[PDB]
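Here's the structure we're looking at; comments come further down.
All Cβ positions, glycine included, derive from the backbone under ideal geometry; neighbour counts span all protein chains shown. FYI, it's all coordinate maths here, none of it is from the lab.
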């Protein structure tokens, strides 16, 4: 009944959404950090025994 | 698909109670059961792929009109998901449940002369997997108890050592044995491994993967029943209860 | 690479003045031309691909030590970027630039008694494109005017109508014709957008494509590597 | 005495009796519609220099996003379509496609499996028999345009009976020289170059004078009900592709030079009304096969 | 022994060796794309009662505005398209259009020059040779449907050897009357109307009985890799127009009824795989030529 | 007419039709990957002085910690791998392993069971039949290198027919003395030591002169699609271990000297294409069996 209207016009520059494009890109940096951290811990600590 | 998703003996036996015999019949012409054919598998080879058709498949096949064919079509339904083409069965039989056909004397079918070795060869047993063989042994045991040929069931089991080891342990007349069974009889289900959409070579394998991928789609469809989220919406008859019992037994 | 990049008559003639005859010829034996061979093109066909080796393939081939072999080597260098294997040319001719061999009498080489029809047949003029045809005719005109054989050059052009249409418009002795010439002779060059790193069917087409693809990298990374060798040395 | 018949009309092999239901026809119609998008998307991808339209269309057709190394062939939809095509051609075909797969594939698009929406014209000349007298020689060559060369060595003029069947609608006859032709027990008209005949009128008698041979060229037009998506050009190409790939190499089957000759031959047989319905579904399936294989080439030379 | 061969397979003239690189192939693809837009724009101009759509399409194709007093040749693209067609047919063609013109015209649109992403079926029947004994007369008529007429005047039955080459994929062989045909060193089967054969598995022998002549009709199909935009209907129309327009009037060349005969004849040369790619590019150029000339008649 | 055949090509027994689905193929690939790490753990145990690398890898493989009390067997994975191998060899062998266990074992690693992403070269020489006249004696010996010894005792020279099948890609023939081999209906070539043949072309005729015996050595190469993790050296070692361990001891089967002979024999059956796929999966399992049993011998 009270359905608001979403404009979302100023978000797009032509057919490109800058905020969405930039937000997707920072996951590539996160992927690099995950592999870097995992390998460094494996080399520093080796097999773990409890 | 629904029959192949039954994991426990209780769930499978309950499904055979609800399902009428008409679902075991196919009404489609199919082709001859045993025939060497050349099939097309273009994902792997350019040359046509040789294979042999069998009764245990997801497709209709021609079946004999006698009681032997009717029993075989029931077993093929349980282990493969599709039955056979047996023309002009009376309406009385078609409305009866599968369990009633296998475990009741009210139906006019005579099964006393059934030979388990011949049936196991026709419904090729060297080709079935472990879960399919367990389902077949359930059907054989139900027929033996209704017929009184429990000794013939034991002699057959003693002639085949691997079948005796994996033979399900239950009494067709006691429900307490069914509840205690821990056997797993799910041909199709949610796969722990990664399941892709690629084709398979053999007719049995390609047909089985069609059921496997179909169940996953059926799992995520709206027809699937989620107990943990909609248990109050279920009818009292179909709700999961500890005291649920089969008719008689 | 440098010779194929020149796109004007002025630039081509200037380059030939600065380039010794050593660059035209090669020291690799190669293979005999005019051979029906089967080569491997796995991009397209599983079977081997037929082709015929020629002097304009871009790969060194064996050549004779007569005057014709030296001229054919020069023309191949201009149109394909690689010359032929002429054994033991001698230091006297190697130091001379290509233009002096073509347009001077001090080289000690008798370039008269040269048949342009025979040379054109050996160079497979029917297989070369417009730019390669234009470059070949430039060499012919320079040779003809130096030896006073302008009539034989005109006779050759009359017999070959397709070559007469695209004949160069310069006169070897006049500088005004060179500066005002508007011919385009660039086989390779930096292209707008890019070109796919894919093979071609013919020996000539694939070798020509390898020159175009490597021109961009050669353009950027040649000045320093050449300078390192050029420093502390005397030019031939 | 002597009897001559067309080569392509002899011994039509039985066709398949499977995948002829409403659900199966929807599967064939969906395959044709999605294969058409596959070709169109590939053309658009080339123009726009991006594989997104093709990847998006292939995902709908094959229910998977392709990997770089794995060859793209169409997945389950291609596998089902190829085997169903074999089942239509002959009874001996295995027919090994489950009903669950057919139902799932038919649900991809909202299209109807209507094989009687429109018609098509099939120009293959049926000559059931040409009966000739003892001293005359008759040879029948060709299917799209049948050239009947008849030579009268006998002493007098001979009468040769033509039987074009009853399925064809219009048959046009042309001769090297003007000739005489009329229906059974009817006056012979003047010699004319061209005759327009209704094949249902009856056996036709032609007069062969003594001397130079007379060659009669024949052309026929038959109208058969086909879906509105039917395209004869695409069906013929798919028929050739299926024949070359070896989908029709079944034992005890007849091989035809065109889908035109196939559908007419099955029409000119007992229970031919039922055979044509199956052959029409095979035609649309072959149309889907051609579009899908052209967009996804596998064979290399 | 007598030898009979197909007319269209005799002496295939060498094809041109120019304008087959990646840059030139992109030019042909661009020409086809722009020609298609030219035809579409003219139809839209007729429908909407405005010349605006046609002006835009002609401006891109010809790099100039249409004028009422001037004639619509098609611009420099029309001249280049005609010249490349001439060079493709024969190696004796001038091949005059420079590279700078080819590159400048390929940059108008962005289409890949791939010529191997699809295939087409060409229904021409290659009959390399039909060896016949004495007293037996063999005649081969036709290319799309080859009718072979044989009769023997000798006392006994004769053996006729058929060679269909090694390029065609399948050959369907229909006779007027049932006849026996078998491969070399194989038993002869019962007489039957039709035969399906792979031309690769050696020569075939047909038993010819004494009496009435036996007429055998042949149909073949061959798959050749072609671009996606290939259209046999348009290519065949362009082939006839170019022949009518004198684009193929070059000395020491052969002429063919249709394009499929041309592509199969060049395929069956000593090294035919060389010419198939050049012939395929010629086909796409003819498709562009047909669309452009129908929109801009001269 | 005397007909001589290779010993290993006769009576190929049926192979199992189980554990060939996607889930089962992933199980075998997981077993190969985890058995490889088990072997490598021994070397990583030597660089240090601890057994933690081996204990860590065993727990992943066997779902249980190693104990000094009992002999390290391999846990549930060892039993599954052993039983699956038996089902591959013969159709009479039971399919004991449940699919639920296989699915659980397949989730240990994230490998994909694609068995058609590479190829391998198999050197077994298929000689289907060697046909000789009455006076000649022909003996075929060996599989990897076929030594065919032929002696002619008649007055005149003899023609011997060689049939190498229709599966092998290339066959190289080397004779003790120069000999003449030509295909059927082709002129005899001069005497040469070495002949290179493509088996698909046709049967070959060999001329046997009267006198000293002639011995021909044949070597064949066949390409069969295999997984990328295929190691022919490891597969052959596992085959010998499985044969010694009694995994193949089952009634109504045929025994072979090497996996080279086994796969070629199955390929040359009536419907050998479907057998090769199962045989390849057996080889990958045998490769895992070799690595695992060497680390954990019983």
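Do you know which of the residues in region E:87-118 that are within 14 Å of residue E:249 (Cα to Cα) and crowded, with 21+ Cβ neighbours inside 10 Å is nearest to the other protein chains (Cβ to nearest Cβ)? Walk me through it before giving the result.
Here is the first cut: in region E:87-118, the ones within 14 Å of residue E:249 (Cα to Cα) are E:87-94.
Retained after the next criterion (residues that are crowded, with 21+ Cβ neighbours inside 10 Å): E:87-89, E:93.
Details: E:87: 10, E:88: 14, E:89: 14, E:93: 8 Å.
So, considering only residues that are within 14 Å of residue E:249 (Cα to Cα) and crowded, with 21+ Cβ neighbours inside 10 Å, the one nearest to the other protein chains (Cβ to nearest Cβ) is E:93.
Given the structure, is residue F:49 exposed (fewer than 15 other Cβ atoms within 10 Å of the Cβ), out of contact with any helix residue (DSSP H, G or I) (no Cβ under 6 Å at 6 or more places or on another chain) and farther than 22 Å from residue F:293 by Cβ?
On the way: exposed (fewer than 15 other Cβ atoms within 10 Å of the Cβ): yes; out of contact with any helix residue (DSSP H, G or I) (no Cβ under 6 Å at 6 or more places or on another chain): yes; farther than 22 Å from residue F:293 by Cβ: yes.
Yes; evaluated as a whole, the condition is true for this residue.
Looking only at region C:27-51, how many residues end up being surrounded by 14 or more Cβ atoms within 10 Å (Cβ to Cβ) and touching a residue at least 60 places away in the same chain (Cβ under 8 Å)?
4
Report the residue count in region D:260-301 for those that are in contact with a helix residue (DSSP H, G or I) (Cβ under 9 Å, 6 or more places away or on another chain), without any contact (Cβ under 8 Å) to a residue 40 or more places away in the chain and away from chain E (no Cβ under 11 Å).
Result for region D:260-301: 2.
Is it fair to say residue C:81 is closer than 27 Å to residue E:100 by Cβ and either within 14 Å of chain E (Cβ to nearest Cβ) or in contact with a helix residue (DSSP H, G or I) (Cβ under 6 Å, 6 or more places away or on another chain) (or both)?
On the way: closer than 27 Å to residue E:100 by Cβ: yes; either within 14 Å of chain E (Cβ to nearest Cβ) or in contact with a helix residue (DSSP H, G or I) (Cβ under 6 Å, 6 or more places away or on another chain) (or both): yes.
So residue C:81 fits the description; yes.
Scan region C:37-59 residue by residue and report those that are in contact with a strand residue (DSSP E or B) (Cβ under 7 Å, 6 or more places away or on another chain) and farther than 20 Å from residue C:208 by Cα.
C:48
Given (1) touching a helix residue (DSSP H, G or I) at 6+ places or on another chain (Cβ under 7 Å); (2) within 14 Å of another protein chain (Cβ to nearest Cβ), where does residue C:170 come up short, assuming only one miss?
(2)
Might you check whether a residue that is part of a loop (DSSP other than H, G, I, E, B), at the interface with chain B (Cβ under 10 Å from one of its Cβ atoms) and surrounded by 17 or more Cβ atoms within 10 Å (Cβ to Cβ) occurs anywhere in region D:19-26?
From region D:19-26, those part of a loop (DSSP other than H, G, I, E, B) are D:19-21; that's our starting set.
Subsequent filtering for residues that are at the interface with chain B (Cβ under 10 Å from one of its Cβ atoms) retains D:19-21.
Still in the running and surrounded by 17 or more Cβ atoms within 10 Å (Cβ to Cβ): D:19-20.
There is at least one residue in region D:19-26 that is part of a loop (DSSP other than H, G, I, E, B), at the interface with chain B (Cβ under 10 Å from one of its Cβ atoms) and surrounded by 17 or more Cβ atoms within 10 Å (Cβ to Cβ).
Can you run down the residue pairs with Cβ atoms below 7 Å, 6 or more apart or on separate chains, where the first is in region E:201-226 and without any contact (Cβ under 8 Å) to a residue 40 or more places away in the chain and the partner is surrounded by fewer than 16 Cβ atoms within 10 Å (Cβ to Cβ)?
The qualifying pairs are E:201/E:183; E:202/E:183; E:202/E:184.
Would you mind finding the one in D:102, D:96, D:85 that is part of a loop (DSSP other than H, G, I, E, B) and at the interface with chain B (Cβ under 10 Å from one of its Cβ atoms)? I'd like the intermediate steps shown before the answer.
Numbers: D:102 fails: part of a loop (DSSP other than H, G, I, E, B); D:85 fails: part of a loop (DSSP other than H, G, I, E, B).
Within the list D:102, D:96, D:85, the selection yields D:96.
If I go through region C:190-209 residue by residue, how many of them are in contact (Cβ under 8 Å) with a residue 40 or more places away in the chain, more than 9 Å from every other protein chain (Cβ to nearest Cβ) and either over 14 Å from residue C:81 (Cβ atoms) or part of a loop (DSSP other than H, G, I, E, B) (or both)?
Counting residues in region C:190-209 that are in contact (Cβ under 8 Å) with a residue 40 or more places away in the chain, more than 9 Å from every other protein chain (Cβ to nearest Cβ) and either over 14 Å from residue C:81 (Cβ atoms) or part of a loop (DSSP other than H, G, I, E, B) (or both) gives 1.
Is at least one residue of region E:68-87 in contact with a strand residue (DSSP E or B) (Cβ under 6 Å, 6 or more places away or on another chain) and within 30 Å of residue E:9 (Cβ to Cβ)? Break it down stepwise before answering.
Quick first cut of region E:68-87, residues in contact with a strand residue (DSSP E or B) (Cβ under 6 Å, 6 or more places away or on another chain) only: none.
Checked region E:68-87: no residue is in contact with a strand residue (DSSP E or B) (Cβ under 6 Å, 6 or more places away or on another chain) and within 30 Å of residue E:9 (Cβ to Cβ).
Taking region B:217-233, which residues are farther than 30 Å from residue D:101 by Cα and either within 14 Å of chain D (Cβ to nearest Cβ) or surrounded by 10 or more Cβ atoms within 10 Å (Cβ to Cβ) (or both)?
Matches in region B:217-233: B:231 only.
Quick one: would you say residue A:9 is without any contact (Cβ under 8 Å) to a residue 12 or more places away in the chain and surrounded by 10 or more Cβ atoms within 10 Å (Cβ to Cβ)?
Values: without any contact (Cβ under 8 Å) to a residue 12 or more places away in the chain: yes; surrounded by 10 or more Cβ atoms within 10 Å (Cβ to Cβ): no.
When the stated conditions are applied, residue A:9 does not pass them.
Looking only at region B:97-108, count how many residues are in contact (Cβ under 8 Å) with a residue 24 or more places away in the chain and either surrounded by fewer than 16 Cβ atoms within 10 Å (Cβ to Cβ) or under 18 Å from residue B:82 (Cα atoms) (or both).
Going through region B:97-108 one residue at a time, the tally reaches 7.
Residues of region E:137-169 being surrounded by 22 or more Cβ atoms within 10 Å (Cβ to Cβ) and in contact with a helix residue (DSSP H, G or I) (Cβ under 7 Å, 6 or more places away or on another chain), which ones?
Passing the criteria: only E:143.
I'm checking my understanding of the structure. Among residues of region D:209-236 that are without any contact (Cβ under 8 Å) to a residue 60 or more places away in the chain and over 18 Å from residue D:29 (Cα atoms), which one is farthest from the other protein chains (Cβ to nearest Cβ)? Give the steps one after another, and end with the answer.
Our first condition is that a residue be without any contact (Cβ under 8 Å) to a residue 60 or more places away in the chain; within region D:209-236, this holds for D:209-212, D:231, D:233-236.
Adding the requirement that they be over 18 Å from residue D:29 (Cα atoms) leaves D:209-212.
Working: D:209: 20, D:210: 18, D:211: 19, D:212: 16 Å.
Looking at residues that are without any contact (Cβ under 8 Å) to a residue 60 or more places away in the chain and over 18 Å from residue D:29 (Cα atoms), I get D:209.
I need the strands (runs of 3 or more DSSP E) fully contained in region E:187-241, keeping only those with at least 1 residues that are more than 8 Å from chain D (Cβ to nearest Cβ) and farther than 23 Å from residue E:132 by Cβ. I'd like the intermediate steps shown before the answer.
On the way: elements: E:192-197, E:204-208, E:214-226.
Correct list: E:214-226.
Could you please find all residues in region E:1-37 being away from every other protein chain (no Cβ under 14 Å), surrounded by fewer than 22 Cβ atoms within 10 Å (Cβ to Cβ) and either in contact with a helix residue (DSSP H, G or I) (Cβ under 6 Å, 6 or more places away or on another chain) or more than 30 Å from residue E:116 (Cα to Cα) (or both)?
Correct list: E:1, E:2, E:3, E:4, E:5, E:12.
If you take the residues of region E:170-186 that are in contact with a strand residue (DSSP E or B) (Cβ under 8 Å, 6 or more places away or on another chain) and part of a loop (DSSP other than H, G, I, E, B), which of them is surrounded by the fewest Cβ atoms within 10 Å (Cβ to Cβ)? Break it down into steps so the answer makes sense when it comes.
Just the residues of region E:170-186 that are in contact with a strand residue (DSSP E or B) (Cβ under 8 Å, 6 or more places away or on another chain), to begin with: E:170-184.
From what's left, part of a loop (DSSP other than H, G, I, E, B): E:180, E:184.
Numbers: E:180: 18, E:184: 13.
The qualifying residue surrounded by the fewest Cβ atoms within 10 Å (Cβ to Cβ) is E:184.
Would you mention how many residues in region B:54-72 are farther than 16 Å from residue B:135 by Cβ and in contact with a helix residue (DSSP H, G or I) (Cβ under 6 Å, 6 or more places away or on another chain)?
Residues flagged as farther than 16 Å from residue B:135 by Cβ and in contact with a helix residue (DSSP H, G or I) (Cβ under 6 Å, 6 or more places away or on another chain) within region B:54-72 amount to 1.
Checking the conditions here, which among D:61, D:8 is in contact with a helix residue (DSSP H, G or I) (Cβ under 9 Å, 6 or more places away or on another chain) and within 11 Å of another protein chain (Cβ to nearest Cβ)?
Values: D:61 fails: within 11 Å of another protein chain (Cβ to nearest Cβ).
Step by step, each of D:61, D:8 is checked, and only D:8 is in contact with a helix residue (DSSP H, G or I) (Cβ under 9 Å, 6 or more places away or on another chain) and within 11 Å of another protein chain (Cβ to nearest Cβ).
Right, residue F:123: away from chain B (no Cβ under 14 Å), within 24 Å of the chain's Cα centre (by Cα) and closer than 30 Å to residue F:36 by Cβ or not?
On the way: away from chain B (no Cβ under 14 Å): yes; within 24 Å of the chain's Cα centre (by Cα): yes; closer than 30 Å to residue F:36 by Cβ: yes.
Considered against the rule, which asks whether it is away from chain B (no Cβ under 14 Å), within 24 Å of the chain's Cα centre (by Cα) and closer than 30 Å to residue F:36 by Cβ, residue F:123 comes out as yes.
Kindly indicate the residue of region D:241-259 that is under 17 Å from residue D:28 (Cβ atoms) and assigned to a helix (DSSP H, G or I) and also farthest from the other protein chains (Cβ to nearest Cβ) among those meeting that condition.
Quick first cut of region D:241-259, residues under 17 Å from residue D:28 (Cβ atoms) only: D:241-242, D:247, D:259.
Imposing the further condition that a residue be assigned to a helix (DSSP H, G or I) reduces the set to D:241-242, D:259.
Numbers: D:241: 7, D:242: 10, D:259: 13 Å.
Ranking the qualifying residues of region D:241-259, first place goes to D:259.
Considering only region F:242-283, state which residues are touching a residue at least 60 places away in the same chain (Cβ under 8 Å), more than 30 Å from residue D:70 (Cβ to Cβ) and not in a helix (DSSP H, G or I).
F:247, F:248, F:250, F:251, F:252, F:253, F:254, F:256, F:257, F:258
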